[PDB]
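Below is one structure, written out as structure tokens, with a few remarks after it.
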RNA sequence: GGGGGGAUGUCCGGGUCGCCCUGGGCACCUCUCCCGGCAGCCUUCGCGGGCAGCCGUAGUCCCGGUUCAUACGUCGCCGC
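Structure follows, in structure tokens:
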């Protein structure tokens, strides 16, 4: 295979500003209650400063980015708060989990509630006040009556209500006397007591019911530099009533909350603290601050309520802006997003015993596509679509000609205010389709000269887009769940070729059997939105694949008498175990007129479907998940995509690159280790002691090891039915592997994206905190 | 004028010698930044091999980790590069064929 | 400069400069390479700058 | 953007304007953003940005 | 140590002595046991032993192996008979190489100990509650607090009296004071040379430094001036204990060496003075 | 770096003309020991000695791609 390493695609990193998990803590259950906690959908929301709200799935240590909802130009995201209802019980003893909703603020006077199913904003709410800077939900004591409390710039604690899926501005609790008092943080002590952190060196404790002012904790000046006000950038509340507070001196102040006074000041960071996180029981404090520095705090032995800094470390690369913790289903993690666009997860209960993990800052969708016939590669971000031509092969180059070999060909600019959600291209590059969350537009390309081929009947936008390899069918996924398809008739004329798309002819999806308590509880029909859409090589067969593991296909029946109809084996095609992370058809056709549908899902689970036969291919009968190679079973990285050759399929995650020979069959990390949701165990340099040995028998020869704690016949039948795999890691920040032409030989564009200090925003330093 | 050209020929000799080492290494496939054309590069510089030893704080030395070596190699790599893999590579025997854009 | 050569850190002082700053240091070295009272320090910073 | 308001001298005739934020998201306030940015970098000055460039 | 044998407390000597190179053992001696030259064996451990100290009384003793630490609690209380002097020993690896260590007792019963191991990477680990973490097969997780200021190996770490302050001193010629209640440090930065050894008076008022350039000073706390000063001959010395920072393969490994003759004159008109 | 080999590709007299080889030019992989460094285990108080050794080059499950900087005591104005 032939590779072009490409680093000139400047994907603009966005500073991550907020994270929020669905649940803060799940109740501890043993092994005989795993059925009591299987069906709960914990999701992690991340808001980047380009208005980018993303949902990830922890996957017991999988960390797969499900959904990207982008906002328009000049829109940012400050706060993210999930609200989760208590566990309601059915009439027959079945359990209904809470219905979780997502709220966000955008440096506006507005709170926006996002519809996670529709993959867009649901409602806006605006009261007459300042622009909101911080907000939080009243926790449970009542049950049906929980309220958002938002502190803003002018000071006035506004109070919003959320009942029966409604978001309206209820009232204003108070406002501080001074107008220059700005509210920068908020966290709740109990059901009726709110703790707000205020930029006049103040931490006010208000009471929600009468809207009164219980007390006003204060802090002195900062004596490190000028700017005589300190600023309490974050507060949080321990379970035993005490309040932790990160401030602008790089301190952390522990306030006892029975009297609202300070009981400890701990100097850790050099510049200002930006975010905190608490353990679920209240033993560990995580403090992330603008010295790109994260510190871990534990109680001192002996006296009560007294904390001290165990250890600190520079995890990120820019200032650590936000973090949120989670402790449930045998996974104790805290995720911290900074300004380097890369969320780092850290194990909580085993912190210092297991490594952290930097999730990929590049998006999970490959976001790079190519028309291999025209040698066009293409990428997109906020409102522009960039197209490069390559003009040559590489056999010719097997030094001074490569600058001219690559070529910045085209930049398509999109009008309006929305952002490009998805894009796709024909094989010859003449037909480009781009979908915002409000529209979808076609561009005809001429070798440049671009024209806007108009869609009609849309106006609701779409989340996914694919084009037929014979350039006759534009299929898109509108509103997430509603898949629509459209014929395009290509009409020739003396000037050239023209294209006209018909009205969208909607095709219906299968009614799966799903219980009503599952449909209602959790997130509802959130996983119904389809993640990948894929044609066959001859555009006779389409398929879509959702977030749940259902893969629904369609077959084209002709006489334009062509129409897409449901495949009769689609009921036979089963639900996968998890989200299908990559799904495409084989380019090399079979012998029976059927197809080979290669589908890999986030548990590294590979398979190949015979869709018209509705069962697994015989290769897939032969090669079960325990027969995959170990360097593919322990990658800890979701495979971003695949590229095709005859019998070799190459896979690429974010850091890895594999090839598998589909023809043949097959013959470090430890499997049995029970770890947290982040990485493996330390082997060399850890603060915790590894080999604790007890010594009886004073002669020193009898020691003891003290542990530190708190289908056989199916394979017979399959072989009665009767290598080449190569891995590498030497392409580290892979964002796009895209094949080009011009076991067969094949060129490819490997578009990487390593970050750099010219790609991050700028640091800032006073006279006292110069780094080394 | 003898001491003039003594200085000149000394600096060009030492650059050609570092170039001998660097060309042998680029032939082996260590993938450093090598010049190709017949004129001199302006700064008479080459990229030496990345040492197997690092400097920790405050003054101790430890053996480099292959992870960090790969990090520095990906740093040293340029913008555009053709990196052809062969069947001997997929078998596990030989190395790749690399040409990077001459920065 | 003499103290920064006595401590082994003149390379450390020079290695992170910018274009206008390095033009300035070249300009000072050029102006004061003439005087034999500090031609030694001047040619040392000149060597490190060319390197 | 939105059309400016025509004044005949005593009254003001203006077109109401709400076609900006249909269902995507509201627009972020640049002044509040810069205000929070200033409170972040009260008196600090950035390090030199990059490598060797004018 | 001063321990009660039956009803008369007296000295017991605990010696750490080798039997192979990389191993050693601990032997206890009364005066009578040392007169007959037979001792009570306590524990033989097998990883390049450095030191051995003991908490007041003789309840807990601590042995400094290179990468590990051995804790020993005496098995029976009250020490009924002399022959029943046995220490159950627990061992565990400290993440660094042990340069020095100081223990302090949480108390006439010994409730707990709190140890500070200054490790030659430049770290100062604080293990909070060792006996309460090791009395109980299985043990709960322990996690040493890391205080890192020095660059080279710290030469001495000691707790100061009431236990608020963790004072320390290394090769950077600076007596640092870790506040340990807040997160702050405060320090006496400019001595003459490397801080080789420190101690605290019985009262918490006086510190005492043994300075590497053949010196010692008794300081009064919060006066921070040398109330007592003693200096010696300060020549080149081939030290028997080689170095505390020659253990971790620095850039220039410091060697016990003499290169050149000492430059020294006896001055006339005051022959009792010598310039060197 | 040296000494040597086993095997990779090549032109000049070439050879019945093929397996390749000798004479010249050679670049790579493999083995071999001596060179420079590191570590462990025994003997010696040490000086030294003995033993099976690794590293001298390249890209990772995640990841050390870390951890680390030197105080107070009093400020200002003018003169020699």
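Chains as they are written, first to last, in this note's numbering: chain A, 3 to 774; chain B, -2 to 100; chain C, 50 to 100; chain D, 167 to 220; chain E, 19 to 294.
The beta carbon of each residue, even a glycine, is placed where N, CA and C say it ideally should be.
Only counting the same chain, and skipping five residues up and downstream in sequence, which positions put a Cβ closer than 7 Å to that of residue i?
i                      : result
residue 250 of chain A : 224, 232, 233, 235, 274
residue 257 of chain E : 274
residue 643 of chain A : 368, 584, 654, 739
residue 684 of chain A : 355, 356, 357
residue 211 of chain E : 191, 229, 230, 231
Just verifying my parser: in three-state terms, what is the DSSP assignment at residue i?
i                      : result
residue 213 of chain D : coil
residue 244 of chain E : strand
residue 721 of chain A : helix
residue 101 of chain B : Missing from the structure shown is residue 101 of chain B; chain B here goes from -2 to 100 and no further.
residue 45 of chain A  : coil
residue 110 of chain E : strand
residue 159 of chain E : coil
residue 192 of chain E : coil
residue 99 of chain C  : helix
residue 266 of chain E : coil
residue 234 of chain A : coil
CB residue i to CB residue j, shorter than 9 Å?
i                      : j                      : result
residue 532 of chain A : residue 466 of chain A : yes
residue 158 of chain A : residue 177 of chain A : yes
residue 104 of chain A : residue 83 of chain A  : yes
residue 364 of chain A : residue 731 of chain A : no
residue 75 of chain B  : residue 26 of chain B  : no
residue 446 of chain A : residue 500 of chain A : yes
residue 214 of chain E : residue 174 of chain E : yes
residue 101 of chain A : residue 115 of chain A : no
Could you tell me the distance, in whole angstroms, from the CA atom of residue i to the CA atom of residue j?
i                      : j                      : result
residue 763 of chain A : residue 680 of chain A : 27 Å
residue 72 of chain A  : residue 373 of chain A : 25 Å
residue 86 of chain E  : residue 143 of chain E : 13 Å
residue 187 of chain A : residue 342 of chain A : 23 Å
residue 44 of chain E  : residue 58 of chain E  : 8 Å
residue 222 of chain E : residue 697 of chain A : 36 Å
residue 713 of chain A : residue 639 of chain A : 28 Å
residue 84 of chain B  : residue 216 of chain D : 41 Å
residue 692 of chain A : residue 123 of chain E : 25 Å
residue 6 of chain A   : residue 538 of chain A : 27 Å
residue 347 of chain A : residue 79 of chain C  : 53 Å
residue 156 of chain E : residue 695 of chain A : 11 Å
residue 249 of chain E : residue 761 of chain A : 57 Å
residue 108 of chain A : residue 50 of chain A  : 11 Å
residue 98 of chain A  : residue 25 of chain A  : 15 Å
Give me, in chain order, the residues of the same chain whose beta-carbon lies closer than 8 Å to that of residue i; leave out the 5 immediate sequence neighbours on both sides.
i                      : result
residue 260 of chain A : 243
residue 675 of chain A : 682, 683
Please go through the same chain and pick out, in chain order, the residues whose beta-carbon is closer than 6 Å to the beta-carbon of residue i, but skip the five residues on each side of it.
i                      : result
residue 63 of chain A  : 679
residue 103 of chain E : 58
residue 511 of chain A : 554
Touching or not, the region 666 to 674 of chain A and the region 76 to 92 of chain E, by the rule of three or more beta carbon pairs under 8 Å? no
Inter-stretch contact at 8 Å, needing at least 3 Cβ pairs: the region 81 to 99 of chain A / the region 598 to 608 of chain A: no
Within 8 Å, do at least three Cβ pairs link the region 35 to 52 of chain A to the region 62 to 69 of chain C? no
Cβ contact check for the region 302 to 312 of chain A and the region 253 to 269 of chain A: 3 or more pairs under 8 Å: yes
Is the region 187 to 205 of chain D in contact with the region 125 to 142 of chain A, if contact means three or more CB pairs nearer than 8 Å? yes
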